[PDB]
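For reference, the chain that follows is the form deposited in one PDB entry, supplied as structure tokens.
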């Protein structure tokens, strides 16, 4: 048996990881998990999976759960408790935004392997989080279409012989608009995403191209690449999930239907793969696959991400913190769509960067930008 911890269990990635657990009672177990605010979901999981400890993200909800369960934690500590439980053999982080940083930190400290779906952990503190993995003898296991993809293409490969990697972008809801028309998009239209869903924050990030920019950074720390090693390309159908090129011009791609359970389960069964009872990718049905050169004028958020990469230090913490606040304000009909872009540029032009932020200053800056006034 492997004992699995799910951090973001009430989310898209978390749900899909519970199905995987529900498709393999023989090899997996759900030992601990975390929700936020979807308490009905928690009761369903507790009455099916028999987990030992559950954490809510708000204390008032503890006693809605206390009949069904006895070991109920809550809040900030409730996260570390569920990610550091000693019966944990593997921790899956499906939290969004930097809320997930601190628990993987404390989980690593406890010598526990990490399947990492939470992107911004590596965006705000990649290099901090990696050099912590070495030193505790724990590995970081990507669970994210684009990065699970790169990962499998490197099996039996010397990472030293990578020329570049290319990360594929679907282009989000507004891929067939020019900025001119973007003055006119509603929240409803932004939420109607092409290829996956995945929840609302990822859907807007995908339309902003922040999602890919976050992943170009995550990829720099996973695979130890340079800025010129990271390319992007626009792939409408989202079949090819990424591709790496080696110094001998051989190029490797991984393919699938936009379904997250495969990368999740491989991150549970590495380096063995086991059967996944689901329809296979039928290249004959898809008929054709498109590729267009990335446009950095149409998606300036991907240019900011590159810029947060080449400045370094604490600039990535700001790009993430303000994006978290800009996307929330957009979904609450507080700002317009192109506002997300302009909000981000401001705080970055002003940021006084810290070269090698420790954890506490990273969590500091992130707090400053999430509670600052945007007027």
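Residue numbers count along the first chain shown, from 1. Rigid core (definition): largest C-alpha set, two forms, superposition within 1.5 Å.
*Asks:* Averaging only over Cα atoms, indicate whether 155-163 or 193-201 has the higher B-factor in the PDB entry.
*Replies:* Mean C-alpha B-factor is greater for 193-201.
*Asks:* Hey, which bit's got the bigger mean C-alpha B factor in the entry, 216-224 or 175-183?
*Replies:* Mean C-alpha B-factor is greater for 175-183.
*Asks:* Lowest, middle or highest third: where is residue 38 by Cα B-factor in its chain?
*Replies:* Highest third.
*Asks:* Can you work out whether the C-alpha temperature factor of residue 268 puts it in the lowest, middle or highest third of the chain?
*Replies:* According to the entry, residue 268 has a C-alpha B-factor in the chain's lowest third.
*Asks:* Place residue 14 in the lowest, middle or highest third of its chain's C-alpha B-factors, as listed in the PDB entry.
*Replies:* Residue 14: CA B-factor falls in the middle third of its chain.
*Asks:* Compare the C-alpha B factor of residue 316 with those of the other modelled residues in its chain, then answer lowest, middle or highest third.
*Replies:* Its C-alpha B-factor, which the entry lists for residue 316, ranks in the lowest third among residues of this chain.
*Asks:* Divide the modelled residues of the chain into thirds by Cα B-factor and specify which third, lowest, middle or highest, holds residue 276.
*Replies:* Lowest third - that is where residue 276 ends up once the chain's C-alpha B-factors are sorted.
The form deposited in another entry is left out here; the points below concern that form.
*Asks:* Which residue, 209, 305, 167, 82, is displaced 2 Å or more at the Cα between this form and the one not shown after superposing the core?
*Replies:* Result of the superposition: 82 is the only one at 2 Å or more.
*Asks:* Any chance the CA of residue 34 moves 2 angstroms or more between this form and the one not shown, core superposed?
*Replies:* Shift at residue 34: 2 Å or more after core fit.
*Asks:* After core superposition, I'd like to know whether residue 231 moves between this form and the one not shown (criterion: C-alpha shift of 2 angstroms or more).
*Replies:* Stays below the 2 Å threshold, so no.
*Asks:* By the 2 angstroms cut-off, has the C-alpha of residue 323 moved between this form and the one not shown once the rigid core is superposed?
*Replies:* No: residue 323 shifts by under 2 Å between this form and the one not shown.
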